[PDB]
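*Asks:* If it helps, the file is called model.txt and holds compact mmCIF, C-alpha atoms and all ligand atoms:
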# COMPACT_ATOMS: atom_id res chain seq x y z
CA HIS A 1 186.11 210.78 3.65
CA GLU A 2 185.63 211.74 7.34
CA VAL A 3 188.85 213.70 7.45
CA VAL A 4 191.36 214.90 4.92
CA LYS A 5 194.54 213.15 6.03
CA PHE A 6 197.72 215.09 6.75
CA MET A 7 199.81 214.23 3.72
CA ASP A 8 196.83 215.00 1.38
CA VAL A 9 196.32 218.42 3.06
CA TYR A 10 200.04 219.16 2.70
CA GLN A 11 200.18 218.13 -0.95
CA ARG A 12 197.04 220.15 -1.80
CA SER A 13 198.20 223.35 -0.05
CA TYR A 14 201.84 223.38 -1.10
CA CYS A 15 202.94 226.04 -3.59
CA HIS A 16 201.52 225.31 -7.07
CA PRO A 17 199.45 227.03 -9.76
CA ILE A 18 195.82 227.29 -8.85
CA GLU A 19 192.77 228.60 -10.67
CA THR A 20 192.20 232.13 -9.36
CA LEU A 21 189.34 234.45 -10.48
CA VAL A 22 191.04 237.76 -11.01
CA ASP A 23 189.33 241.20 -11.54
CA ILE A 24 190.22 242.48 -15.06
CA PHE A 25 191.03 245.90 -13.50
CA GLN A 26 193.76 244.34 -11.47
CA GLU A 27 195.51 243.31 -14.66
CA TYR A 28 194.56 246.48 -16.69
CA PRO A 29 194.41 249.16 -13.91
CA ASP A 30 194.21 252.13 -16.21
CA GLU A 31 191.21 250.74 -18.10
CA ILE A 32 188.90 251.62 -15.14
CA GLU A 33 186.65 253.70 -17.42
CA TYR A 34 185.53 250.67 -19.27
CA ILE A 35 182.96 248.15 -18.06
CA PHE A 36 183.99 244.54 -18.85
CA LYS A 37 181.77 241.50 -19.04
CA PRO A 38 182.61 239.29 -17.44
CA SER A 39 184.46 241.63 -14.98
CA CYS A 40 186.95 238.90 -13.82
CA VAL A 41 188.65 236.01 -15.54
CA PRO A 42 189.98 232.58 -14.48
CA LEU A 43 193.82 232.65 -14.46
CA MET A 44 196.22 229.96 -13.16
CA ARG A 45 198.39 231.72 -10.60
CA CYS A 46 201.02 230.52 -8.04
CA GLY A 47 199.35 230.12 -4.65
CA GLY A 48 199.34 227.96 -1.54
CA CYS A 49 202.03 227.96 1.09
CA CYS A 50 205.75 227.28 1.46
CA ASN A 51 205.45 226.86 5.31
CA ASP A 52 208.71 228.58 6.06
CA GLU A 53 208.97 232.33 6.47
CA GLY A 54 212.25 232.01 4.59
CA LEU A 55 210.39 231.16 1.34
CA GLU A 56 207.82 232.60 -1.11
CA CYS A 57 205.82 230.82 -3.76
CA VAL A 58 206.79 232.39 -7.10
CA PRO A 59 206.39 231.56 -10.78
CA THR A 60 209.10 229.77 -12.80
CA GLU A 61 207.07 229.27 -15.98
CA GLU A 62 204.46 231.75 -17.27
CA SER A 63 202.33 231.82 -20.33
CA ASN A 64 199.97 234.25 -21.97
CA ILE A 65 196.32 233.42 -22.63
CA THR A 66 193.89 235.36 -24.81
CA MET A 67 190.20 235.55 -23.92
CA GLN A 68 187.17 237.18 -25.56
CA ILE A 69 185.82 239.85 -23.22
CA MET A 70 182.85 242.29 -23.88
CA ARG A 71 184.50 245.76 -23.55
CA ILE A 72 181.96 248.53 -23.04
CA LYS A 73 182.81 252.27 -23.39
CA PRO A 74 179.64 253.63 -21.80
CA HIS A 75 177.52 255.83 -24.15
CA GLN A 76 180.08 255.20 -26.86
CA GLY A 77 180.14 251.63 -28.15
CA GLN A 78 180.91 247.99 -27.11
CA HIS A 79 182.32 244.81 -28.73
CA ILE A 80 183.84 241.51 -27.82
CA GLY A 81 187.59 242.00 -28.18
CA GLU A 82 190.58 239.79 -27.38
CA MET A 83 192.44 240.58 -24.14
CA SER A 84 195.74 238.99 -23.17
CA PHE A 85 196.42 237.83 -19.65
CA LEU A 86 199.46 236.29 -17.92
CA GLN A 87 199.11 232.83 -16.30
CA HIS A 88 201.56 230.76 -14.24
CA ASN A 89 202.32 227.13 -15.24
CA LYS A 90 205.00 226.18 -12.68
CA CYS A 91 205.92 227.61 -9.32
CA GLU A 92 208.57 227.07 -6.65
CA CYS A 93 209.32 228.08 -3.09
CA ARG A 94 212.35 230.39 -3.18
CA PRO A 95 214.25 232.37 -0.45
CA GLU B 1 193.99 229.36 -28.61
CA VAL B 2 191.39 231.94 -27.74
CA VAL B 3 188.94 231.35 -24.89
CA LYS B 4 185.52 232.06 -26.29
CA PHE B 5 183.27 234.64 -24.60
CA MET B 6 180.57 232.33 -23.31
CA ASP B 7 183.21 229.96 -21.80
CA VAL B 8 184.98 232.85 -19.99
CA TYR B 9 181.66 234.19 -18.72
CA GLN B 10 180.41 230.79 -17.44
CA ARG B 11 183.74 230.01 -15.81
CA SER B 12 184.12 233.28 -14.04
CA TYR B 13 180.58 233.77 -12.71
CA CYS B 14 180.19 233.67 -8.88
CA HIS B 15 180.49 230.10 -7.58
CA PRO B 16 182.46 228.13 -4.98
CA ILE B 17 186.08 227.66 -5.97
CA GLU B 18 189.07 226.06 -4.12
CA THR B 19 190.83 228.94 -2.37
CA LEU B 20 194.03 228.67 -0.31
CA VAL B 21 193.35 230.17 3.08
CA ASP B 22 195.92 230.82 5.91
CA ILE B 23 194.86 228.87 8.96
CA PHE B 24 195.56 232.01 11.11
CA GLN B 25 192.76 233.77 9.23
CA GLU B 26 190.33 231.03 10.36
CA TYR B 27 191.80 230.63 13.90
CA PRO B 28 192.98 234.13 14.73
CA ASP B 29 193.26 233.39 18.50
CA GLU B 30 195.72 230.59 17.69
CA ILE B 31 198.36 232.92 16.12
CA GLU B 32 200.74 231.71 18.93
CA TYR B 33 200.80 228.16 17.29
CA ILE B 34 202.82 227.13 14.21
CA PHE B 35 200.78 225.13 11.75
CA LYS B 36 202.07 222.83 9.03
CA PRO B 37 200.88 223.34 6.40
CA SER B 38 200.17 226.96 7.21
CA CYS B 39 197.28 227.28 4.70
CA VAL B 40 194.49 224.92 3.62
CA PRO B 41 192.36 224.47 0.44
CA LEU B 42 188.76 225.48 1.18
CA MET B 43 185.82 225.90 -1.22
CA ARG B 44 184.95 229.59 -0.95
CA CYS B 45 182.58 231.84 -3.07
CA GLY B 46 184.67 233.47 -5.79
CA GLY B 47 184.30 235.12 -9.22
CA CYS B 48 182.16 237.94 -10.39
CA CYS B 49 178.58 239.09 -10.53
CA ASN B 50 179.27 241.55 -13.44
CA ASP B 51 177.51 244.50 -11.85
CA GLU B 52 179.31 246.77 -9.46
CA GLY B 53 176.20 246.81 -7.20
CA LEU B 54 176.18 243.02 -6.54
CA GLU B 55 178.56 240.86 -4.52
CA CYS B 56 179.19 237.14 -4.61
CA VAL B 57 178.41 235.65 -1.14
CA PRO B 58 177.64 232.20 0.27
CA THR B 59 174.13 230.80 0.69
CA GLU B 60 175.08 227.37 2.04
CA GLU B 61 178.01 226.35 4.19
CA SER B 62 179.44 223.15 5.52
CA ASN B 63 182.36 221.87 7.59
CA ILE B 64 185.42 219.97 6.49
CA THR B 65 188.00 218.46 8.91
CA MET B 66 191.70 218.33 8.05
CA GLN B 67 194.75 216.83 9.83
CA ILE B 68 197.19 219.70 10.58
CA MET B 69 200.52 219.55 12.45
CA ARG B 70 200.01 221.84 15.40
CA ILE B 71 203.21 223.14 17.02
CA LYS B 72 202.36 224.50 20.43
CA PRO B 73 204.87 227.02 22.05
CA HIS B 74 206.96 225.02 24.60
CA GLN B 75 204.59 222.05 24.73
CA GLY B 76 205.54 219.95 21.77
CA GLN B 77 203.51 219.11 18.65
CA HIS B 78 201.10 216.76 17.16
CA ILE B 79 198.73 216.15 14.24
CA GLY B 80 195.31 217.38 15.37
CA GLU B 81 192.07 217.41 13.39
CA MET B 82 190.89 220.99 12.76
CA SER B 83 187.49 221.92 11.36
CA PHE B 84 187.06 224.58 8.73
CA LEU B 85 184.09 226.24 7.02
CA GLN B 86 183.44 225.65 3.33
CA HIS B 87 180.92 227.32 0.93
CA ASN B 88 178.75 225.00 -1.06
CA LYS B 89 176.61 227.47 -2.89
CA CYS B 90 176.80 231.20 -3.68
CA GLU B 91 174.53 234.00 -4.87
CA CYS B 92 174.90 237.41 -6.35
CA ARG B 93 173.13 239.93 -4.13
CA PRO B 94 173.23 243.69 -3.28
CA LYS B 95 176.33 245.26 -1.57
CA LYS B 96 175.65 247.33 1.66
CA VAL C 1 210.33 206.52 -1.49
CA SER C 2 206.66 207.19 -0.58
CA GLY C 3 204.78 204.71 1.66
CA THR C 4 205.30 203.56 5.24
CA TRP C 5 208.85 202.91 6.26
CA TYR C 6 209.88 201.83 9.73
CA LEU C 7 213.05 203.28 11.17
CA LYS C 8 215.98 200.82 11.46
CA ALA C 9 218.66 203.30 12.67
CA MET C 10 219.33 207.02 12.46
CA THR C 11 222.03 209.41 13.62
CA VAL C 12 219.79 211.31 15.95
CA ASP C 13 219.08 211.46 19.67
CA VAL C 14 215.48 210.24 20.00
CA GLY C 15 215.46 211.41 23.63
CA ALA C 16 211.86 211.90 24.70
CA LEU C 17 210.69 212.27 21.04
CA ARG C 18 207.44 210.78 19.94
CA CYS C 19 206.59 212.96 16.90
CA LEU C 20 209.10 213.14 14.13
CA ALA C 21 208.12 215.14 11.08
CA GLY C 22 209.42 217.70 8.60
CA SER C 23 209.82 218.67 5.00
CA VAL C 24 213.15 217.72 3.42
CA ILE C 25 215.20 217.51 0.26
CA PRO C 26 217.54 214.55 0.86
CA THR C 27 221.19 214.66 -0.27
CA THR C 28 221.00 210.87 -0.85
CA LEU C 29 218.66 207.93 -1.11
CA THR C 30 220.47 204.61 -1.64
CA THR C 31 219.99 200.89 -0.93
CA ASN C 32 216.44 198.94 2.98
CA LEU C 33 216.94 202.69 2.42
CA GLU C 34 219.57 205.06 3.68
CA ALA C 35 218.67 208.69 3.55
CA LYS C 36 221.15 211.49 4.06
CA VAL C 37 219.93 215.04 4.92
CA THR C 38 221.97 218.10 6.03
CA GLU C 39 224.08 216.18 8.50
CA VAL C 40 221.58 213.42 9.38
CA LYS C 41 221.67 209.85 8.18
CA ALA C 42 218.92 207.33 8.65
CA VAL C 43 218.13 203.82 7.50
CA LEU C 44 214.62 202.45 7.07
CA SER C 45 212.79 199.27 6.01
CA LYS C 46 209.31 198.08 5.10
CA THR C 47 209.92 195.86 8.28
CA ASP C 48 209.91 196.38 12.14
CA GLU C 49 212.56 196.66 14.92
CA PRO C 50 210.98 195.33 18.19
CA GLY C 51 211.07 197.74 21.12
CA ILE C 52 213.43 200.44 19.75
CA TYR C 53 211.73 203.15 17.82
CA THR C 54 208.41 201.98 19.02
CA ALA C 55 207.17 205.24 20.60
CA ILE C 56 208.09 207.11 17.36
CA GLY C 57 206.14 204.61 15.25
CA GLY C 58 206.19 204.02 11.49
CA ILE C 59 207.32 206.89 9.22
CA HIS C 60 204.94 207.94 6.53
CA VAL C 61 206.58 209.59 3.57
CA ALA C 62 204.99 211.32 0.61
CA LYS C 63 206.42 213.33 -2.24
CA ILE C 64 205.39 217.02 -2.50
CA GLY C 65 205.62 219.39 -5.46
CA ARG C 66 204.27 218.90 -9.00
CA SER C 67 206.89 217.30 -11.31
CA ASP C 68 213.14 214.85 -4.34
CA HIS C 69 210.86 216.95 -1.95
CA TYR C 70 209.36 214.78 0.70
CA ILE C 71 207.35 215.39 3.75
CA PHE C 72 207.13 212.88 6.57
CA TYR C 73 205.56 212.30 9.92
CA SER C 74 205.86 209.55 12.54
CA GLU C 75 202.84 207.53 13.82
CA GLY C 76 203.51 208.94 17.28
CA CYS C 77 202.45 212.40 15.95
CA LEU C 78 198.95 210.96 15.83
CA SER C 79 198.01 211.96 19.34
CA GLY C 80 195.07 213.97 20.73
CA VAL C 81 197.59 215.97 22.81
CA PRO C 82 200.94 217.61 21.97
CA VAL C 83 203.94 215.26 22.51
CA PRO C 84 207.65 215.81 22.36
CA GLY C 85 208.73 216.31 18.79
CA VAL C 86 210.56 218.28 16.13
CA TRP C 87 209.78 219.66 12.73
CA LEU C 88 212.70 219.13 10.36
CA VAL C 89 212.76 221.92 7.76
CA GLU D 1 159.45 222.69 -15.06
CA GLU D 2 160.31 225.41 -17.61
CA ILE D 3 160.75 225.88 -21.33
CA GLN D 4 163.67 223.74 -22.35
CA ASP D 5 166.11 224.18 -25.24
CA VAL D 6 166.46 227.98 -25.06
CA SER D 7 170.30 227.78 -25.23
CA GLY D 8 171.72 227.90 -28.79
CA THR D 9 171.80 230.17 -31.84
CA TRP D 10 168.71 232.18 -32.73
CA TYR D 11 167.91 234.92 -35.31
CA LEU D 12 165.80 237.95 -34.69
CA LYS D 13 162.58 237.94 -36.67
CA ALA D 14 160.95 240.99 -34.93
CA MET D 15 161.68 243.28 -32.05
CA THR D 16 159.57 246.12 -30.56
CA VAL D 17 162.35 248.69 -30.18
CA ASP D 18 164.25 250.55 -32.84
CA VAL D 19 167.68 249.05 -33.17
CA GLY D 20 168.73 251.68 -35.68
CA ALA D 21 172.51 251.84 -35.83
CA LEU D 22 172.89 248.90 -33.47
CA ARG D 23 175.28 246.06 -34.26
CA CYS D 24 175.99 244.48 -30.82
CA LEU D 25 173.03 243.34 -28.71
CA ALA D 26 174.09 241.47 -25.53
CA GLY D 27 173.16 241.05 -21.90
CA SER D 28 172.57 238.87 -18.89
CA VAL D 29 168.81 238.60 -18.21
CA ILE D 30 166.03 236.72 -16.51
CA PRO D 31 163.28 237.24 -19.06
CA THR D 32 160.04 238.76 -17.87
CA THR D 33 158.24 236.18 -20.11
CA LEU D 34 159.39 233.54 -22.55
CA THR D 35 156.83 231.87 -24.89
CA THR D 36 157.25 228.97 -27.34
CA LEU D 37 155.34 229.94 -30.46
CA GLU D 38 153.53 227.49 -32.70
CA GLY D 39 156.43 226.19 -34.93
CA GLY D 40 159.29 226.30 -32.38
CA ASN D 41 160.05 230.10 -32.57
CA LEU D 42 160.55 231.84 -29.23
CA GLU D 43 159.14 235.14 -28.05
CA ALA D 44 161.05 236.95 -25.20
CA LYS D 45 159.87 239.89 -23.18
CA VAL D 46 162.57 241.73 -21.22
CA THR D 47 161.87 244.79 -19.09
CA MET D 48 164.67 247.36 -19.62
CA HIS D 49 165.47 251.13 -19.70
CA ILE D 50 165.71 253.02 -23.05
CA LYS D 51 167.18 256.56 -23.24
CA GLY D 52 166.05 257.18 -19.61
CA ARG D 53 163.26 255.33 -17.71
CA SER D 54 162.13 251.64 -17.85
CA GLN D 55 160.25 249.85 -20.73
CA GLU D 56 159.46 246.30 -21.85
CA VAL D 57 160.83 245.06 -25.14
CA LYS D 58 159.55 241.96 -26.98
CA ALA D 59 161.59 240.02 -29.51
CA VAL D 60 160.64 237.00 -31.67
CA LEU D 61 163.54 234.66 -32.34
CA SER D 62 163.77 231.80 -34.83
CA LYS D 63 166.16 228.97 -35.52
CA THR D 64 165.91 229.96 -39.20
CA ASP D 65 167.53 233.17 -40.47
CA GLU D 66 165.41 235.50 -42.64
CA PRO D 67 167.67 237.61 -44.83
CA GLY D 68 166.04 240.80 -43.38
CA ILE D 69 166.32 244.11 -41.35
CA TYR D 70 168.41 242.69 -38.49
CA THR D 71 171.36 241.62 -40.65
CA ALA D 72 173.94 243.97 -39.01
CA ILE D 73 173.03 242.52 -35.56
CA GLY D 74 173.81 238.93 -36.61
CA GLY D 75 172.80 235.59 -35.00
CA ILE D 76 172.05 235.72 -31.25
CA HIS D 77 174.01 233.21 -29.13
CA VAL D 78 172.18 232.30 -25.92
CA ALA D 79 173.45 230.20 -23.02
CA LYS D 80 172.02 229.53 -19.49
CA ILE D 81 174.37 230.83 -16.79
CA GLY D 82 174.83 227.32 -15.42
CA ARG D 83 176.42 228.58 -12.17
CA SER D 84 173.24 230.56 -11.46
CA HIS D 85 171.97 227.17 -10.11
CA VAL D 86 168.95 226.01 -12.25
CA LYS D 87 166.27 227.97 -14.18
CA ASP D 88 166.03 230.94 -16.45
CA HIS D 89 169.06 233.29 -16.16
CA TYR D 90 170.60 233.66 -19.60
CA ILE D 91 173.59 235.32 -21.16
CA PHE D 92 173.45 236.32 -24.83
CA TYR D 93 175.36 238.23 -27.44
CA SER D 94 174.95 238.88 -31.15
CA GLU D 95 177.41 238.09 -33.96
CA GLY D 96 177.79 241.78 -34.76
CA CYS D 97 179.58 242.14 -31.36
CA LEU D 98 182.60 240.23 -32.73
CA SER D 99 184.58 243.27 -33.93
CA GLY D 100 188.12 244.57 -33.43
CA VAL D 101 186.57 248.01 -32.66
CA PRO D 102 183.65 249.23 -30.48
CA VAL D 103 180.33 249.27 -32.37
CA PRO D 104 176.98 250.73 -31.41
CA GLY D 105 175.34 248.38 -28.89
CA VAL D 106 173.34 247.74 -25.73
CA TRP D 107 174.11 245.61 -22.69
CA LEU D 108 171.01 244.48 -20.83
CA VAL D 109 171.69 244.16 -17.07
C1 LIG A 201 212.73 210.32 2.52
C2 LIG A 201 212.77 211.05 3.83
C3 LIG A 201 212.79 210.10 5.02
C4 LIG A 201 213.31 210.97 6.13
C5 LIG A 201 213.57 210.45 7.32
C6 LIG A 201 214.10 211.35 8.41
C7 LIG A 201 213.52 210.76 9.69
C8 LIG A 201 214.61 209.95 10.36
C9 LIG A 201 214.15 211.25 11.00
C10 LIG A 201 215.27 212.28 10.88
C11 LIG A 201 215.74 212.50 12.31
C12 LIG A 201 216.23 213.91 12.63
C13 LIG A 201 215.92 214.22 14.09
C14 LIG A 201 216.64 215.48 14.58
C15 LIG A 201 217.27 215.31 15.97
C16 LIG A 201 216.24 215.49 17.09
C17 LIG A 201 216.78 216.40 18.19
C18 LIG A 201 216.36 217.86 18.01
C19 LIG A 201 216.04 218.47 19.36
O1 LIG A 201 214.88 218.37 19.83
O2 LIG A 201 216.94 219.06 19.99
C1 LIG A 202 166.06 234.03 -23.56
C2 LIG A 202 166.82 234.88 -24.51
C3 LIG A 202 167.09 236.16 -23.76
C4 LIG A 202 166.91 237.19 -24.83
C5 LIG A 202 167.58 237.03 -25.95
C6 LIG A 202 167.42 238.07 -26.99
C7 LIG A 202 166.11 238.69 -26.64
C8 LIG A 202 166.31 240.01 -25.90
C9 LIG A 202 165.98 239.99 -27.39
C10 LIG A 202 167.23 240.32 -28.18
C11 LIG A 202 167.74 241.71 -27.81
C12 LIG A 202 166.86 242.41 -26.78
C13 LIG A 202 166.36 243.73 -27.32
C14 LIG A 202 167.48 244.76 -27.28
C15 LIG A 202 166.99 246.10 -26.75
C16 LIG A 202 167.52 247.17 -27.69
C17 LIG A 202 167.46 248.52 -27.02
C18 LIG A 202 167.86 249.61 -28.01
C19 LIG A 202 167.24 250.95 -27.60
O1 LIG A 202 166.10 250.97 -27.08
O2 LIG A 202 167.89 252.00 -27.80
Please lay out the structure from this file as structure tokens.

*Replies:*
Amino acid sequence: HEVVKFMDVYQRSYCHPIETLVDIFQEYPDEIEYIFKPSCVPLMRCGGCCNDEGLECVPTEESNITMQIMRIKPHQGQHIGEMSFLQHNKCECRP
Amino acid sequence: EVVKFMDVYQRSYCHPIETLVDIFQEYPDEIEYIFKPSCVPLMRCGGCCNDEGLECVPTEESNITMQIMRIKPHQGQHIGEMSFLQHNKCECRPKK
Amino acid sequence: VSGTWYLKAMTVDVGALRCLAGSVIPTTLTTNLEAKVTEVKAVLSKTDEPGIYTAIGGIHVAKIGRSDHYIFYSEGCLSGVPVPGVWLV
Amino acid sequence: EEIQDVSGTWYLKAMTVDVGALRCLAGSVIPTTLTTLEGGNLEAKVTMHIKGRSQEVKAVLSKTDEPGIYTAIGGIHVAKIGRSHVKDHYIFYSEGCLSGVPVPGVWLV
């Protein structure tokens, strides 16, 4: 359409879980000596806006998801292993 | 159930993804306004190039126009159409 | 409650207002439609009220949140320049 | 126009580097050359860097497994990185990479 109308913009931006591509080191910050492939993963996380400085968008339901990641210890060995990550399923704007 | 390696890799590789961006980041000289909503969904390059020497950046951009409530200090408010930049295509290229 | 509603009556001073909008969780929503939000009451219909809220225009209402949170704006908000209004939060 | 049907499962028939202790062969590559051989086998040349400076390795891959010298490596799974637009950028890994523990391997960059 020519323009995204106001209520559609509001609905699409308002606090909800959204696919976010997150660096594996952000979730496993002490595993910085490994190289991972891929180096980031797609995780549903609360995002968007609550449009009121009195409120933050925060999770109310979370789940864990396991993904196969190539974990490389350089000059040592490598393998695809399972890594667990936290996702968000439901969010709300809270004080 | 477990996400298989090739699926994770294909899903995470550098490409344009809907990203929620604060309008004040796009319109930093308009930080005296209040906008509702305060953030908008824009397709932006995201994900990984799986090589610390490469970065995921846009190769093609476009404009999208969105109705936003614009609350002007001491002058009232209205819905106004605001244009925003989107990424249509991305590449993995050298950092620096 | 989504759709266009036209204002029949509300417990508010329109004054110079042309742009009515906000984001609200109503206390009540009975039957026309009365809405109660703290307190403010308002009644609305799918039908018009000649020459009384006419500057404010129809009220467009949509539900927000993924499965009683509504956002709304008045037709009078649809101006190329800022107009007198309020944002009800 | 390019060689089609490279994505899928393939088995190593021959390779020009010693893959000794190796169990996990993987990488993300634009092949230097890819050739369809008479019979539907594929030959790949990839230009990499063994134990120092940079060399080109050839492999011949088949849709049929030969119970042979590459058994520890396992079947090679190949997929086009579809978000690398169109063309000839592939990701692959071998079955021997599926292990609870690190195993000897290479990642081609
Ligand atoms: C389902 C939700 C429908 C909501 C309808 C509420 C609309 C009827 C509007 C509510 C009116 C409140 C106006 C506040 C009073 C204006 C004066 C404020 C000021 O400028 O001083
Ligand atoms: C189009 C398919 C892309 C390639 C798929 C597999 C072909 C690359 C052949 C398979 C593995 C590549 C050779 C591995 C190099 C081993 C290096 C070991 C060493 O020199 O120490």

*Asks:* Around region 22-35 of chain B, with edges along x, y and z and 3 Å added on all six sides, what centre and edge lengths do you get, in Å to one decimal, as JSON?

*Replies:*
{"center_x": 196.6, "center_y": 229.6, "center_z": 12.4, "size_x": 18.5, "size_y": 15.0, "size_z": 19.0}

*Asks:* Mind giving me the straight-line distance from CA of residue 38 (chain C) to CA of residue 24 (chain C) in Å, one decimal?

*Replies:* 9.2 Å

*Asks:* Using only C-alpha atoms, which protein or nucleic acid residues come within 8 Å of residue 43 (chain D)? Drop anything in the same chain fewer than 6 positions from it, and give the result as a ChimeraX atom specification.

*Replies:* /D:34-37,58-61

*Asks:* Near chain A, which residues of chain C fall within 10 Å when you count only C-alpha atoms, and what do they look like as a PDB file with C-alpha atoms, in the coordinates of the input?

*Replies:*
ATOM      1  CA  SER C  23     209.820 218.670   5.000  1.00  0.00           C
ATOM      2  CA  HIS C  60     204.940 207.940   6.530  1.00  0.00           C
ATOM      3  CA  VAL C  61     206.580 209.590   3.570  1.00  0.00           C
ATOM      4  CA  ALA C  62     204.990 211.320   0.610  1.00  0.00           C
ATOM      5  CA  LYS C  63     206.420 213.330  -2.240  1.00  0.00           C
ATOM      6  CA  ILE C  64     205.390 217.020  -2.500  1.00  0.00           C
ATOM      7  CA  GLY C  65     205.620 219.390  -5.460  1.00  0.00           C
ATOM      8  CA  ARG C  66     204.270 218.900  -9.000  1.00  0.00           C
ATOM      9  CA  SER C  67     206.890 217.300 -11.310  1.00  0.00           C
ATOM     10  CA  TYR C  70     209.360 214.780   0.700  1.00  0.00           C
ATOM     11  CA  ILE C  71     207.350 215.390   3.750  1.00  0.00           C
ATOM     12  CA  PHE C  72     207.130 212.880   6.570  1.00  0.00           C
ATOM     13  CA  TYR C  73     205.560 212.300   9.920  1.00  0.00           C
ATOM     14  CA  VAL C  89     212.760 221.920   7.760  1.00  0.00           C
TER      15      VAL C  89
END

*Asks:* Rank B:65, B:10, B:86, B:75 by their smallest atom-to-atom distance to ligand LIG 201 (chain A), using only C-alpha atoms and all ligand atoms, and report the top residue only.

*Replies:* B:75

*Asks:* What gap, in Å, lies between atom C16 of ligand LIG 201 (chain A) and CA of residue 48 (chain A)?

*Replies:* 28.1 Å

*Asks:* Which residues are near ligand LIG 201 (chain A) - at most 8 Å, using only C-alpha atoms and all ligand atoms? Format: as a ChimeraX atom specification.

*Replies:* /C:1-2,7,10-15,17,20-22,24-26,29,35,37,40-43,59,61,70-72,85-86,88

*Asks:* Tell me, counting all atoms listed in the file, for each residue of chain B within 9 Å of chain D, which pair of atoms is nearest and how far apart they are in Å to one decimal, in rows ordered by chain and increasing number, as JSON lines.

*Replies:*
{"residue": "B:6", "atom": "CA", "partner": "D:79", "partner_atom": "CA", "distance": 7.4}
{"residue": "B:9", "atom": "CA", "partner": "D:81", "partner_atom": "CA", "distance": 8.3}
{"residue": "B:10", "atom": "CA", "partner": "D:81", "partner_atom": "CA", "distance": 6.1}
{"residue": "B:11", "atom": "CA", "partner": "D:83", "partner_atom": "CA", "distance": 8.3}
{"residue": "B:13", "atom": "CA", "partner": "D:83", "partner_atom": "CA", "distance": 6.7}
{"residue": "B:14", "atom": "CA", "partner": "D:83", "partner_atom": "CA", "distance": 7.1}
{"residue": "B:15", "atom": "CA", "partner": "D:83", "partner_atom": "CA", "distance": 6.3}
{"residue": "B:50", "atom": "CA", "partner": "D:109", "partner_atom": "CA", "distance": 8.8}
{"residue": "B:51", "atom": "CA", "partner": "D:109", "partner_atom": "CA", "distance": 7.8}
{"residue": "B:89", "atom": "CA", "partner": "D:85", "partner_atom": "CA", "distance": 8.6}
{"residue": "B:90", "atom": "CA", "partner": "D:84", "partner_atom": "CA", "distance": 8.6}
{"residue": "B:91", "atom": "CA", "partner": "D:84", "partner_atom": "CA", "distance": 7.5}
{"residue": "B:92", "atom": "CA", "partner": "D:84", "partner_atom": "CA", "distance": 8.7}

*Asks:* Within 9 Å of (192.9, 228.7, -12.6) (file coordinates; all atoms listed in the file), which protein or nucleic acid residues are there? I'd like them as a compact mmCIF listing (two decimals) with C-alpha atoms, in the frame of the given file.

*Replies:*
# COMPACT_ATOMS: atom_id res chain seq x y z
CA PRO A 17 199.45 227.03 -9.76
CA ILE A 18 195.82 227.29 -8.85
CA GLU A 19 192.77 228.60 -10.67
CA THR A 20 192.20 232.13 -9.36
CA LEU A 21 189.34 234.45 -10.48
CA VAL A 41 188.65 236.01 -15.54
CA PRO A 42 189.98 232.58 -14.48
CA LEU A 43 193.82 232.65 -14.46
CA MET A 44 196.22 229.96 -13.16
CA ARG A 45 198.39 231.72 -10.60
CA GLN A 87 199.11 232.83 -16.30

*Asks:* Go through A:2, A:33, A:27, A:61 one by one, measure the shortest atom-to-atom distance of each to chain B using only C-alpha atoms, and give the residue with the smallest value.

*Replies:*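 That would be A:2, the residue with the smallest distance to chain B.
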
*Asks:* Please identify every residue of chain A that has at least one atom no more than 9 Å from any atom of chain D, counting all atoms listed in the file, and report them as JSON, numbers by chain.

*Replies:* {"A": [70, 71, 72, 73, 75, 76, 77, 78, 79, 80, 81, 82]}

*Asks:* Identify all chain B residues at most 8 Å from chain A by counting only C-alpha atoms; ligands do not count. Present them as JSON, numbers by chain.

*Replies:* {"B": [1, 2, 3, 4, 5, 8, 9, 11, 12, 13, 18, 19, 20, 21, 36, 37, 38, 39, 40, 41, 46, 47, 48, 49, 50, 64, 65, 66, 67, 68, 69, 79, 81]}

*Asks:* Limited to C-alpha atoms, could you put the picked residues into a file as a compact mmCIF listing (two decimals), keeping the file's coordinate frame?

*Replies:*
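Contents of the output file out-v8.txt:
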# COMPACT_ATOMS: atom_id res chain seq x y z
CA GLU B 1 193.99 229.36 -28.61
CA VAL B 2 191.39 231.94 -27.74
CA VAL B 3 188.94 231.35 -24.89
CA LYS B 4 185.52 232.06 -26.29
CA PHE B 5 183.27 234.64 -24.60
CA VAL B 8 184.98 232.85 -19.99
CA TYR B 9 181.66 234.19 -18.72
CA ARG B 11 183.74 230.01 -15.81
CA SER B 12 184.12 233.28 -14.04
CA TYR B 13 180.58 233.77 -12.71
CA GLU B 18 189.07 226.06 -4.12
CA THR B 19 190.83 228.94 -2.37
CA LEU B 20 194.03 228.67 -0.31
CA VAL B 21 193.35 230.17 3.08
CA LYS B 36 202.07 222.83 9.03
CA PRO B 37 200.88 223.34 6.40
CA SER B 38 200.17 226.96 7.21
CA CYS B 39 197.28 227.28 4.70
CA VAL B 40 194.49 224.92 3.62
CA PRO B 41 192.36 224.47 0.44
CA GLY B 46 184.67 233.47 -5.79
CA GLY B 47 184.30 235.12 -9.22
CA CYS B 48 182.16 237.94 -10.39
CA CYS B 49 178.58 239.09 -10.53
CA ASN B 50 179.27 241.55 -13.44
CA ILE B 64 185.42 219.97 6.49
CA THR B 65 188.00 218.46 8.91
CA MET B 66 191.70 218.33 8.05
CA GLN B 67 194.75 216.83 9.83
CA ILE B 68 197.19 219.70 10.58
CA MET B 69 200.52 219.55 12.45
CA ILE B 79 198.73 216.15 14.24
CA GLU B 81 192.07 217.41 13.39
